[PDB]
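One structure is given here, and the rest of the page talks about it.
In order of appearance the chains are A, B, C, D, E, F, G, H, I, J, K and L, and numbering begins at 1 in each one.
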Amino acid sequence: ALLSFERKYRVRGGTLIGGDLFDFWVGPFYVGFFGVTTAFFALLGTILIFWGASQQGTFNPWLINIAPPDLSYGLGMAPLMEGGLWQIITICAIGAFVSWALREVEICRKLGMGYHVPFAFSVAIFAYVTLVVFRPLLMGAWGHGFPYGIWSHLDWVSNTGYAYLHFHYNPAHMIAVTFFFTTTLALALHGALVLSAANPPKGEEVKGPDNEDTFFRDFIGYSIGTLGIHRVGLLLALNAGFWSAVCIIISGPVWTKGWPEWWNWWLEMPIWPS
Amino acid sequence: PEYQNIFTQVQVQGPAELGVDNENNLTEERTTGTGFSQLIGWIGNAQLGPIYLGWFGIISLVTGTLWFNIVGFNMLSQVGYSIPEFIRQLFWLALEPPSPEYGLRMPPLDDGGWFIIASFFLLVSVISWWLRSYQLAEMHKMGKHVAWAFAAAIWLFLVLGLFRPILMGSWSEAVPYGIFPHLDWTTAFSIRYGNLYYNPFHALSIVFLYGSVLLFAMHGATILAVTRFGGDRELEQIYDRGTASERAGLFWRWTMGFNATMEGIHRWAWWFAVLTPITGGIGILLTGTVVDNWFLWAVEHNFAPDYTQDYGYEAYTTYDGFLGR
Amino acid sequence: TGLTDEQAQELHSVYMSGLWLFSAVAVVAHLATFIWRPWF
Amino acid sequence: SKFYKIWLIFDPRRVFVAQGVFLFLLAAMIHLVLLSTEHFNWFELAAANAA
Amino acid sequence: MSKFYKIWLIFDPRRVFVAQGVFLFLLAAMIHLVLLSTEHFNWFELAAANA
Amino acid sequence: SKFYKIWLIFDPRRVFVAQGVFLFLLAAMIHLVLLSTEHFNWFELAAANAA
Amino acid sequence: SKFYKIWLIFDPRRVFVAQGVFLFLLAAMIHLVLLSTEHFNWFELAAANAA
Amino acid sequence: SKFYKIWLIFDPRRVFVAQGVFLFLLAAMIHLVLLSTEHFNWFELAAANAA
Amino acid sequence: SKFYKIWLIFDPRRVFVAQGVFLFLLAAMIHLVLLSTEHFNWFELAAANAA
Amino acid sequence: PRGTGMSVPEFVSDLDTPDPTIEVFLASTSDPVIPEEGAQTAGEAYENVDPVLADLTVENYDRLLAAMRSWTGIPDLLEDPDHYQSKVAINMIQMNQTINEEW
Amino acid sequence: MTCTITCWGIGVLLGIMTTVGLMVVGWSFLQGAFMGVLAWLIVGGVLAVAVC
Amino acid sequence: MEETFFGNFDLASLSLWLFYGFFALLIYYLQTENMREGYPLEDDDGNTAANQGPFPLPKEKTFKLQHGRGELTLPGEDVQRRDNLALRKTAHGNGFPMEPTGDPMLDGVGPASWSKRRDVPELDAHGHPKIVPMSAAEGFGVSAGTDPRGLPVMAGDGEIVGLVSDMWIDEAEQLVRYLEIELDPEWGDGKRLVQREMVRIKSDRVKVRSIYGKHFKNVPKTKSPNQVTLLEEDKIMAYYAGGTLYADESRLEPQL
């Protein structure tokens, strides 16, 4: 159904392709040309996962594992039950993610708002793309992508991390991790100000932007502002997604030794006395 | 193209804003010294306003510096007061926790005794800062959401260094005070107790850590998308819903079938961030006290994947083949 | 915000004059390079 | 070959800077790829000639 | 020498006294901690040796 | 002979700064690439000549 | 000479704070340099003299 | 000859600050290049000269 | 000669601060390269003497 | 197993570069000379030879001793029995035989 | 601006020069790049502040 | 303890199930807190829908608004609803877009639609209007960036509609909010406001691409030249963003 104010916004137009052929709503969802492709690709990938689970012998969501082909198969296609099903789902997954981002462009174009949300999602897609196709292409085999399992894809992270003998010493991992722990810190503090100002102690008037602006001035000596926090909050999250893509694309295509050995440039500088 | 609100195209600077005041007399503890930085004003507010210094702020800063000095000056003494070697090994030095042989007793100064004294001052400094956050919210007549959220972070901070060492009965279970060393502790902690990936609370805490970055990217971009409708003025949109809140809600309703309000988004934002250390704190507490091996726990509870392929490299290639000879 | 017919007469005259001067050195340089070390 | 009508649609400021940067980059690229070869590297050519 | 009292015209006594107190104690703890690190000036380790 | 029209297009302040920066960098990189060679390295040349 | 005019340019409050932290930081650094040398470490020298 | 007209384009303070920075940095690295070489290093020569 | 006119361009308070910072950093850098060498390191040189 | 991430990356340029000391050994090794019946042993052909290698045939003794000098970079190895290198080498000969047999 | 950005451009240009200059006299790329990054921030920052 | 209560159900397993129960209650609480605005659902015809969702409406909460503006209980009738919308259904059923019956930018529908906010200016902590022109503001000036006052305004089709006369700022946060445009007689009559988020400032001009030259005369005006009410802000901003789709048929029709 609609909302109390939704009717005045559901106008015709704003599509990127297909016009009014697909321009309608199914329930609350908006269907576009890319909503049709999203439905096809997502459903095809979902069914193929359970088809592979049926042949795997288990339907347990923890134990379902669709794995890439061996490194021997290279960049070519593999038998469906020997790693080819994973490749098809990857094509479906990429098609469903790109369509989802393009569908968001149509929605935000129909509402006359900015395209920040689809652009931010593209960084998430870029991180997924650099894990499943970009990095395997550089390393020369489709078997370097992570498997499609709830707990299996943690084993891929564990072994890939320990393939460089200490993955905490990765300079890009060091930067990327700093962005998660800070984005969550920024999210916690930003969400606290709005909640604290809008929900004061019982019997007290609600607070305006000035009161929360002066709180952090009293608290940490500097306040970034109502607009600045969202502006810097997106940048912290986008940098987190980007630098996480960097830490994994340089592990194997750019660096093959252990990651602690990378810091040997700093230890053995000519300036340091012997 | 259309102007994306990522950098302000023009900045206006007037008299410094000294902040609001009430009968609590906030101004008598304020520094009243302000400075304006234009470089940071391209992305946020350009005023480095006065800071409220009370007693919880002063106590935390003084005790925090003592912890900083004791850890730092021990590191300088470790390399024999060699400043060039202190800089070179700065990321590698630390103040190691006490040896396991001393249990919960006070160890010698050179073998973790200064670690306990330094950790005592850090504990005072962190708790004092929490009290300052709680006191400031009370004096501003605002909600205590900042203090409660910060208390969630302290919960993991307390568990990681205070609560768990007491339960194991050894001060040696604390985290060393080093840049690289507390990364070494993190890796060694996972290896010692099985595989921390299979800790359900570590998995759950990652869900809320990913969700936190997920949701703040979603919220940060949505507000910037509706900032053309005055969407950055979130507080006024709660009290009087404008077109900015409607379009932001309708964008997500048409995308994923449901949305939030301008206030309710910050309840989602608050809870995912707060649940990140709360769940992790429980996972670290159960590690060592209860389980002692997480992968074997996973095998027992039947959520550890099983593999049927071979393991050696001889089952996939040859040494000569890999070398191309 | 646009150019007139008169301006293009002078602008193109200079540009073509500079083009021939630049190419005059280039053809000499290529001629001397081939004698010193031919690539054919 | 008058072809002066081309300048009517082109901003002299933008086109002159665009070609000047491009012209230098093309010359730098040709000189650099010429240095890579072991036969046309005049720096290594002098070393072999002297010996 | 006899007319150093004018330093209190430039300096506010309130902030100088607070800064001096913090510096003086942080100084005193530094040398005391330095001495405890040495094997010769550790009065706690010496007393054990004499036992 | 008609090249003096070039100053009616670009600002002399902008081009002079760009020319000065480019001239130094070009001279600097020519000297640097010349030093990387084992023949036109006057610093190493003197060491070999002295020995 | 007539160096007193430096105070017509420098603010005495801001200069005095600047050299107060500079002088101590310089003194602390030099005292730490000696402690890193075997010859001038007076703490370690006393231990050797006792033995 | 009439080079004095350059000050009608370049701000005298704008260039003097840049000229001072450029000259020192040029002189700093030009000294460091000599130290890198094993023939013009006067610090290394004096050690070898004194045997 | 007529070098006094530089103060009609440079702010005396803005240049004295830069000069003071530059002079000390330069002095510390030269004092540090001497200690890097084994010939002019007076701390290690004194240790060799009377040993 | 496939998908587990269990793999070892290496640059192809580094793979194509073998151990530089492989050719050094190949330039120093030599085919063994099979002894014939009643061959002259090193113990009786020379003097002051340790019993660990005194039973080697004279050409095998010369072949092995020359190689050990090149392998260890000691041109005068096993020349003076009182030298410390000679005593260490004799014990370390027993080391090498133990590794190839026991381990 | 148009001067702070230009002064920042001189800093990054110097950092590239510092990287290749140190590589010529030995060192390594990462060792040279670190001083190039450091020279970018200091000299580039000083230029943007010393003159505007 | 390393002893299990039953089977393989230890203390670690018990804490996991306790969190599952807590999370289910947390999700129920979080979702209901988001239903304070926009409900009941209604349908395309305006009547309340037969389906309302699995989550019931939350209990009423009260906001004590400052500056003597009364209270506000969010779960209830919405005073921001618009009436007499110039739209018609394109289908007899549900789930299909509405077609404007007139000029969408003038009627305020779709991307150009505003919301019926309060007809009073937003106030700072003191109580004065939040957004004021810099002419009234004391001690405020441009400290960085390009000053747009005096630069010509170029519309989305390249037409020059006037020169920027003033610029409205948020003195509480020292942030620029609007730019005043002195419309030329050939394009308009008086002054119009454009929000800072729909204008790109160049060295010699300010460019607004969402609005053509002919659409500037119909931008909503402010009742007074010294302050702007919340309703006027919502009408002005919606007009410019509505031009991103209604300026010409090329924007409305699909790009491919």
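Everything that follows uses one rule, which is that a contact is a pair of C-beta atoms (placed from the backbone, for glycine too) under 8 Å apart; a residue touches a chain by one contact, two chains touch by 3 or more.
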Can you tell me the least number of steps between chain B and chain E, where a step is a move to a chain it touches? 1
Chain L and chain E - chains in contact with each: B
Distance between the CA centroids of chain B and chain D (whole Å) is 53
Which whole number of Å gives the spacing of the CA centres of chain A and chain J? 58
Intercentroid distance (Cα basis), chain I paired with chain F, Å: 31
Approximate Å spacing (C-alpha centroids) for the pair chain D, chain K: 27
Chain F: positions in contact with at least two other chains: none
Junction residues of chain J - those touching two or more other chains: 1-2, 4, 6, 8, 10
For chain L, residue numbers touching 2 or more other chains are 37-38, 63, 65, 78, 80, 113, 115, 125, 144-145, 172-173, 175, 241, 244
Touching residues (chain side chain F, partner chain K) in the complex: 17, 21, 25, 28-29, 32, 35-36
Inside the complex, what are the residues of chain F that reach chain H? 12-13, 16, 43-44, 46-47, 50
Please output the residues of chain A touching chain B within their complex, sorted ascending. 3, 5-6, 9, 25, 27-30, 60, 62-63, 65, 70-72, 103-104, 107-108, 111-117, 119-120, 123-124, 149, 151-152, 154-155, 157-158, 166, 168-169, 179-180, 183-201, 204, 206-215, 217-238, 240-241, 266-267, 272-273
Contacting residues of chain C [partner chain F, same complex]: 10-11, 13-14, 17-18
Residues on chain F engaged by chain D in the complex (per definition of touch): 9-10, 34, 37-40
